[PDB]
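Peer 1: Model the structure of this input:
(chains A and B, ligands or ions: 2)
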Amino acid sequence: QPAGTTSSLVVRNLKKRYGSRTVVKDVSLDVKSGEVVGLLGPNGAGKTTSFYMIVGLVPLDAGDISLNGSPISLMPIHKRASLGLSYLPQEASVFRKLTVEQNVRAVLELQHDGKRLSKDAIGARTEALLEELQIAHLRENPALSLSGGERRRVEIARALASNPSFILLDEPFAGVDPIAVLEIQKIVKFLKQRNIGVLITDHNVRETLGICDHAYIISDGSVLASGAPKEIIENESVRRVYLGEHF
Amino acid sequence: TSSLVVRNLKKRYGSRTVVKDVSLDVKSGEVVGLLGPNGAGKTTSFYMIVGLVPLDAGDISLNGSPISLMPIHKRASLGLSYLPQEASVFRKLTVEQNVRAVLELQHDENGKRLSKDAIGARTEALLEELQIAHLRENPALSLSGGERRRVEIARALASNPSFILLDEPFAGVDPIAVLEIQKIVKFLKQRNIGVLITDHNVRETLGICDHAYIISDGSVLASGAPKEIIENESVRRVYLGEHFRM
Ligand SMILES: [Cl-]
Ligand SMILES: [Cl-]
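Peer 2: Numbering: from 1, shown residues only, chains lettered A, B, ... in the order given. Ligands and ions are numbered 1, 2, ... in the order given. Please find the structure below.
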């Protein structure tokens, strides 16, 4: 899909059970390039399983997911990423004791053109990602010396080395200090303006709604409501089930 | 009259000092927040007070008497009750059975076990006080989050605690649930029970606190009523940032 064009992620009628125990009955949603979409709702009522079904870590019992008109419903996580659907798992045990430059370089060493990249083109790509994420100053830092903010910028660099159309952020706000909220908002804004669509699931409603273009409230394994934040907040059923009366 | 007094808590694991020096006070009827950056000492401080983590240095005293070296169960008999999130009720027993089981450990003032009649009366009074009398025969597994919390409270109140330690009550709960929790805390305040809350959710916690301690770099960075905490320039630089609003 050309640099300025709108990729599409289309999710229809997701369904999942374990013991039945039907955790997701029917969830449909859409995400376009440059759009930030929130996947919210009561803890355990299906937003999380829905989210993981779209990452590809939870296999569908029914439904369909298509990325630019091609189905990916059955592809595992790593193959969806090759097609430009990237998951950010927050963790730095993957970084071990390698430097920031080393971690970004290592992901580019797996890319293909359609052959291997030269050591020179890997070097140039590395520099361009560091400078774009404003972490060039962190290039020689061990992964243990990095803040949560710095770590996330590095994972973004890693993800951008695959040229994704969509990035899935798993509870980025869980347990983080209010000073860190700014950092996250800026990273999301940055993805927006690079024409990458963002799907966020979180428990932190105020933080998530504040940066979303569209949100889906998942209750009782289904979509209770969907809309721009302002419409979501004024929805009577969302207020009765999830938000409460003065939010 | 009741006081919880914590002086100069310290905890090191090898080359890491996770807590250098943390002191705080809680009085009956007061709600106290233990906040600060993730990993920077509030959590270990909290668990040192609960008794899940032994002190390396410092002292904790409850109504005059030291408890630093007492295990969790003995701190509770002296009126210091720990409420973790979703982990305190007997899963399989009914609501009435859960409340009854904690009253079966109590004594009268003479140090004698309670009669079947005093347990009966106390049970009914707690059920009606927490508005869960209608749930009395429900298994604890069949209860919603709201109902489950009220039952944990009943279980805690059946100890006659002077202090309740609430571990991360707001973690992952939806805004409907936040209001319920604030009301339960208000209700403990009014029963002249002191509450020490540690949480990551600053707006929710500060909104119900009489006093808060911000823990950074293993120490107390600042302490005060909420209004003074949020205007404190070090708290703003380190933890809250520029845009944080209450
Ligand atoms: Cl879920
Ligand atoms: Cl800690």
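Peer 1: which residues sit in contact with residue A:146?
Peer 2: For residue A:146, the contacting residues are A:92, A:100, A:138, A:154, by CB atoms under 8 Å, 6 or more residues apart in numbering or on different chains. Using the backbone N, CA and C atoms, a C-beta is placed for each residue, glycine as well.
Peer 1: Run a quick check on the first one versus residue A:145, I expect a contact.
Peer 2: Translated: residue A:92. No. Counting by CB atoms under 8 Å, residue A:92 sits too far from residue A:145 to count as a contact (10.5 Å).
Peer 1: more crowded one of the two?
Peer 2: residue A:92 (16 against 11; other CB atoms under 10 Å in any protein chain shown).
Peer 1: Widest-spaced pair of the contacts of residue A:146?
Peer 2: A:92 and A:138 (12.7 Å; CB to CB).
Peer 1: And for the residue of chain A found nearest chain B, the neighbour number?
Peer 2: Going by CB to the nearest CB, chain B is nearest to residue A:179 of chain A, at 3.6 Å. Residues near residue A:179, counting by other CB under 10 Å, number 18.
Peer 1: do residue A:47 as well
Peer 2: Neighbour number of residue A:47 under other CB under 10 Å is 25.
Peer 1: swap in residue A:222?
Peer 2: Residue A:222, neighbours per other CB under 10 Å, totals 17.
Peer 1: was I right about it contacting residue A:47?
Peer 2: No. Residue A:222 is beyond contact range of residue A:47, at 10.7 Å (criterion: CB under 8 Å).
Peer 1: can you tell me how far the closest residue to residue A:243 other than its chain neighbours sits from ligand 1?
Peer 2: Take residue A:243 and drop its neighbours on the chain: the residue closest to it by CB to CB, 6 or more residues apart in numbering or on different chains is residue B:175, 5.4 Å away. According to CB to the ion, to the nearest Å, residue B:175 stands 17 Å off from ligand 1.
Peer 1: From the contact counts, what lies against the helix or strand hosting residue A:230?
Peer 2: Using DSSP states H and E, residue A:230 falls within helix A:229-233. Applying 3 or more CB pairs under 8 Å, 6 or more residues apart in numbering or on different chains; DSSP states H and E, one finds that helix A:229-233 makes contact with helix A:205-209, strand A:214-219.
Peer 1: rerun at 7 Å
Peer 2: Packing partners of helix A:229-233 (3 or more CB pairs under 7 Å, 6 or more residues apart in numbering or on different chains; DSSP states H and E): strand A:214-219.
Peer 1: helices and strands around the next helix or strand after the strand it packs on, which ones?
Peer 2: Per DSSP H and E, the first helix or strand lying C-terminal to strand A:214-219 is strand A:222-227. If you count contacts as 3+ CB pairs under 7 Å, 6+ apart, strand A:222-227 packs onto strand A:22-32, strand A:214-219, helix A:236-238.
Peer 1: Dump these to CSV, plus mean neighbour count.
Peer 2: Formatted as CSV, those follow (neighbours: other CB atoms under 10 Å in any protein chain shown):
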stretch, mean neighbour count
strand A:22-32, 19
strand A:214-219, 23
helix A:236-238, 15
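Peer 1: Show me where chain A has its helices.
Peer 2: A:47-55, A:77-82, A:100-108, A:119-132, A:148-160, A:178-193, A:205-209, A:229-233, A:236-238 (DSSP state H).
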